[PDB]
Number of protein chains: 4
Amino acid sequence: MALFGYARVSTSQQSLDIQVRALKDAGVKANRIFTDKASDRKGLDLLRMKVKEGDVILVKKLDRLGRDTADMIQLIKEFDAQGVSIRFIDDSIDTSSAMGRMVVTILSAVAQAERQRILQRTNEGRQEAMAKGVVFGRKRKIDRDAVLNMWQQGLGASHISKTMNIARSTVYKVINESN
Amino acid sequence: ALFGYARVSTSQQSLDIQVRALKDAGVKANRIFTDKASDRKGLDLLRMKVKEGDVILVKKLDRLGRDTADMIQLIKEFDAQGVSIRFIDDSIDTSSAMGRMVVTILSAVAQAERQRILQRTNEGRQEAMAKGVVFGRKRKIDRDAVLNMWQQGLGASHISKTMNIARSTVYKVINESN
Amino acid sequence: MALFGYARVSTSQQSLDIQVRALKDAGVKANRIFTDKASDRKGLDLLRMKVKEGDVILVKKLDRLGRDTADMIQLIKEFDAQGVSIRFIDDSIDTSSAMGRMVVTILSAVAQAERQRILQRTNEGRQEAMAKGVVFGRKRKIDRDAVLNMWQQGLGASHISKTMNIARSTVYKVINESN
Amino acid sequence: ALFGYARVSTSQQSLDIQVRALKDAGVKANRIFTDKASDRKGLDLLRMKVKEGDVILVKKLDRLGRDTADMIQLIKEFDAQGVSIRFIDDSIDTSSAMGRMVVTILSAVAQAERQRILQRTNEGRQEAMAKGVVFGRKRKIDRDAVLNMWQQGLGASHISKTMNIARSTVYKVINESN
DNA sequence: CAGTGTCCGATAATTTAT
DNA sequence: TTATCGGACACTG
DNA sequence: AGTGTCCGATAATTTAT
DNA sequence: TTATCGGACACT
DNA sequence: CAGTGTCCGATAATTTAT
DNA sequence: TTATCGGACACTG
DNA sequence: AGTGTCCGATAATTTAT
DNA sequence: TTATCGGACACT
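(A) Main features of the overall build of chain A. Of regular secondary structure, chain A possesses seven helices and four strands. Beginning at the N terminus, the succession of helices and strands in chain A can be written as β-α-β-α-β-α-β-α-α-α-α. In summary, chain A has a C-alpha radius of gyration of 25 Å against a globular reference of 16 Å for 179 residues, an excess of more than 25%. With the principal axes as the frame, chain A shows a C-alpha extent of 75 × 40 × 30 Å. Only carbon and sulfur atoms are counted for the fraction: they give 50% of the accessible area of chain A, which is about 11800 Å². Positive and negative side-chain charges of chain A, numbering 31 and 21 respectively, have mean locations separated by a distance of 6 Å.

This is the structure:
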């Protein structure tokens, strides 16, 4: 019964404020609301150990507990073992029954099958972009023309890293590209 | 490279049967593995001797993992390595997205049944132990004789040599009829 | 609320007595318990029309409503339209929620996928039995040796159907087999 | 023989897009059909012009049938005839057992979402109509002029010819300001 | 004109699987 | 599935 | 004829992730 | 959803 | 003995998709 | 994904 | 040594569709 | 499940 609360975020959109907002309006106070800001899921492990027999948790929706269906279960399993139940406020399913957890784990694998496809289409769309002729990753920031002139000079490589206040390791690798 | 896996639980060793189908699929006992759950060692070994481009087989689904949870755990560890299990009875391959999903759902449901029926078994145990049924293995050793061999004033150790039976039992037997 | 009850049977094992047995112990009386003995699902159609807004039904398990997932839904859909809910006493799911019916229809298709496979293995096992050399269908009951002697006679075919008190149509077809 | 099917709902006619993929699969507009839901006639026609050994295509799953129920009804009628739909986005074929099943589950769940979100839309309509928002199409015709053309004592029919507008509306307009 | 042969569909009796 | 049972026509004679 | 009511088809609207 | 359009009716 | 070149892993900056 | 940033060795001289 | 307790591994048990 | 087996301990 003695309700807990758990939420998370992972994107540049820290939609965390929203997550919490209802966890309160449900019944549970911050005094018992846990959070990982997926930069390592620490605040979860800690929640995992604060709970005891006949506790109850609350997670906004189905994705918010675990990303990977495989261990989304492990939690629930380990959780039901202790006697703790987590509800999916958006989905409205109880870890606590059978049918509940059963249909939790049901919905997850059916929802990852969406992500798993998404990522293939995301990557297929990056392989038709890389090959098309698009610039990748991060751009050159420091003039390599300034470095190559300072090496054809026959100048000591270590000296350059403070004439141009940059990393010494990059100096070398830069010269290695143009074969 | 292709592989076969099988398992058992009951005293009814349907093991010979599972293996048969495996050979009727193309895997030899040269690449077949078995665990007689009594402790899943033989599985670990198979899980340690397959690389990318390999395919495992099990007759029934439940056969790989009874519990839905660690079932995916394997399959996950498995798809990551490059291996995939086909199930002959249900005809699903972890070699895909849906496949993997459809292994999982199947098995979740599969358990809600397994788990509810389990409860029904325990209800049946409850409605039996209360009505007056004797559980466990029934007694064998002629106790009224052992008890007559203490009443004698004989060594308890002496008993356990005279009767080809265990000594620690002898003592327990006496502290049975208070 | 005003509870109803529905059960069915289809095999030589008329396990109907059992079906009813609990439909009562649930709360509903025979006064409102319906039955088709699948010899045509009439007693269902009638139940379908006796129910009104805010009624509630009860069916032993998931198979017992409908066999074919396709219309198992139609019922539920048509049923939820009226405001009537059917429960799956063995399964413990409510037509009444969403998640309920959703997970009813979930379980059915996953359970037919069992039957659909079964029948293929049943038939595969009949095709390896027919070819193996097993007698099929129904056995000859009336001596065809007695009929063939009564036709080589040049005897009128109609006459034979009352000398041997049998069907007149079979008389003919019998002679047609031995080419 | 292979076939293509597509559909639309929104004023955002993503129709041109669905068809594109169909051609990128191998079906010509010579064997492609479309319903612009405004009434699923074009489907019926396709359902009436395929025999055994044919295969239909739709981009998304929801596209065939929105409602989970009649979705299977089609697929059932379909497997019986000898035809089967592949869905390119999800990559599932009704040409199988699991396939058919896995079409269905997918679509059931798919709806629990569709249906719950629908409710959320209606909650948003409720929290808007109560706060004080004007729904429907906004008024156009200069009523204070029509009302000034009865106050005149002019024929109502006369109005509807003078202003290039409908007559029945004229009357309704007057019984608006009691 | 009425008996002989062709051809169904609806019923009863059987099999393989659980 | 396969066997009979009622029948329905349609020609034959 | 022509003045008044009372429908359903078509247009333009809003709300929602 | 509400506003207009086409109408089709029933009465002076 | 100390400067020159090889080679990581851990961090920050970027892209494609929703 | 790709760029730098700190570093760690290991030889060279 | 040898007499008494108090564990866990192995055997034989039952209940269930 | 309860009954025996192997034991390993702590005390006269």
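(B) Layout of the protein's contact with DNA strand J. Residues and elements named next belong to chain A. All residues in the neighbourhood of DNA strand J are listed as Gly137, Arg138, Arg140, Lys141, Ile142, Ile166, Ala167, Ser169 and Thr170. Atoms of DNA strand J within 4 Å of the protein: sugar and phosphate make up 61%, bases the balance. A distance of 3.3 Å separates a phosphate oxygen of DNA strand J from a polar atom in the backbone of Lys141. One of the backbone N or O atoms of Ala167 is found 2.6 Å from a phosphate oxygen in DNA strand J. For the surface near DNA strand J, the residue count by class is three nonpolar, three polar and three charged.

(C) Expanded view of the interface of chain A and chain C. On the chain C side, the residues contacting the eight residues of chain A number eight residues. Taken together, both faces of the contact between chain A and chain C bury some 470 Å²; the carbon and sulfur share is 88%. Put simply, chain A and chain C have zero residue pairs in polar contact between them. Across the side of chain A that touches chain C, the residue classes tally to six nonpolar, one polar and one charged.

(D) Geometry of the protein's contact with DNA strand F. All names here are of chain C. Within the structure, DNA strand F sits among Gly137, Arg138, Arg140, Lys141, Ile142, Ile166, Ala167, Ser169 and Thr170. Take the atoms of DNA strand F that sit within 4 Å of the protein: sugar and phosphate atoms are 61% of them. Residue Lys141 places a main-chain N or O atom 3.3 Å away from a phosphate oxygen belonging to DNA strand F. Here a phosphate oxygen of DNA strand F sits 2.6 Å away from a polar atom, N or O, in the main chain of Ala167.

(E) Structural detail: the sheet that holds strand β3 (residues 55–58) of chain D. Residues and elements named next belong to chain D. The strand order across the open sheet formed by five strands is β2-β1-β3-β4-β5, and the pairing between neighbours is mixed. Sheet topology places β2 (32–36) and β5 (92–93) at the edges, where each strand pairs with a single neighbour. Of the pairings in the sheet, the one linking β3 to strand β4 (residues 84–87) comprises four bridges and is parallel in character. From the neighbouring strand, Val58 faces β4, where its bridge partner is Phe87.

(F) Geometry of the UniProt feature "active site" in chain A. All names here are of chain A. Here, UniProt's "active site" annotation points to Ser10. As for its position among the elements, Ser10 is in the loop between β1 (5–9) and α1 (16–26). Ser10 gets classed as partly exposed once you look at its relative accessible area, which sits at 49%.

(G) Broad picture of the packing of aromatic side chains. Residues and elements named next belong to chain B. According to the stated counting rule, one finds two aromatic pairs over all chains in the structure shown. Ring geometry for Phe3 and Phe33: centres 6.5 Å apart, planes at 25 degrees, overall stacked. Note that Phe3 is positioned in strand β1 (residues 2–8) and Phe33 in strand β2 (residues 32–36), a separation of 30 residues in sequence. With a relative accessible area of 26%, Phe33 lands in the partly exposed category. Sitting over the face of the ring of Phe135, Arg125 holds its NZ or CZ atom 5.2 Å from the ring centroid.

(H) Quick look at the domain arrangement of chain B. Residue and element names in this part refer to chain B. Under the domain assignment, chain B is made up of domain 1 (1–93), domain 2 (94–132) and domain 3 (133–178). Domain 1 and domain 2 are separated by 20 Å when their C-alpha centres are compared. Tallying the contact residues gives 17 residues for domain 1 and 13 residues for domain 2. Buried surface at the junction of domain 1 and domain 2, summed over both partners, amounts to about 1200 Å²; 62% is from carbon and sulfur atoms. Our count for the domain 1 to domain 2 interface comes out at one salt bridge. In this structure, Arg100 engages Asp79 in a salt bridge whose closest nitrogen and oxygen atoms are separated by 2.7 Å. One can count five residue pairs in polar contact joining domain 1 with domain 2. Looking at the side of domain 1 that touches domain 2, the elements that each hand over two or more residues are α3 (68–81), β4 (84–87) and β5 (92–93).

(I) Broad picture of the relation of the copies chain A and chain C. Of the transformation superimposing chain A on chain C, the axial component is 0.0 Å and the angular component is 180 degrees, with the fit at an RMSD of 0.0 Å. Both chain copies can therefore be described as sitting about a two-fold axis. Relative to the rotation axis, the closest C-alpha in chain A is found at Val103 of chain A, a distance of 3.9 Å. Take the interface residues of chain A: 100% of them recur as interface residues in chain C, which is what a same-surface contact looks like.

About the cut-offs
Residues numbered from 1 in each chain as written, not as in the entry; some residues may be left out. Chains lettered and ligands numbered in written order. Heavy atoms only, no water. Helix = DSSP H or I, 4+ residues; strand = E, 2+ residues; numbered from the N terminus. Rg over C-alpha atoms; globule rule 2.2 N^0.38 Å. Areas by Shrake-Rupley, 256 points an atom, 1.4 Å probe, with all protein chains shown as cover. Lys, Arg positive; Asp, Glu negative; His and termini not counted. Charge placed at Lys NZ, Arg CZ, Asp CG, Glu CD. Near = heavy atom within 4 Å. Polar contact = N/O pair within 3.5 Å; in protein donor to acceptor, adjacent residues only side chain to side chain. Nonpolar A, V, L, I, M, F, W, Y, C, P; charged D, E, K, R; others polar. Contact = heavy atoms within 4.5 Å. Buried area = accessible area lost by both parts, 1.4 Å probe. Pairing = 2+ DSSP bridges. UniProt positions renumbered as here; feature names shortened; annotations may be inferred. Buried < 20%, exposed > 50% of the residue type's maximum accessible area, 1.4 Å probe, protein only. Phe/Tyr/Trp six-rings, centres within 6.5 Å; stacked < 30°, edge-to-face > 60°. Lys NZ or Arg CZ within 6 Å of the ring centre and 35° of its normal. Domains from an automatic or database assignment. Salt bridge = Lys/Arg side-chain N within 4 Å of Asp/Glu carboxyl O. Least-squares fit on C-alpha atoms.

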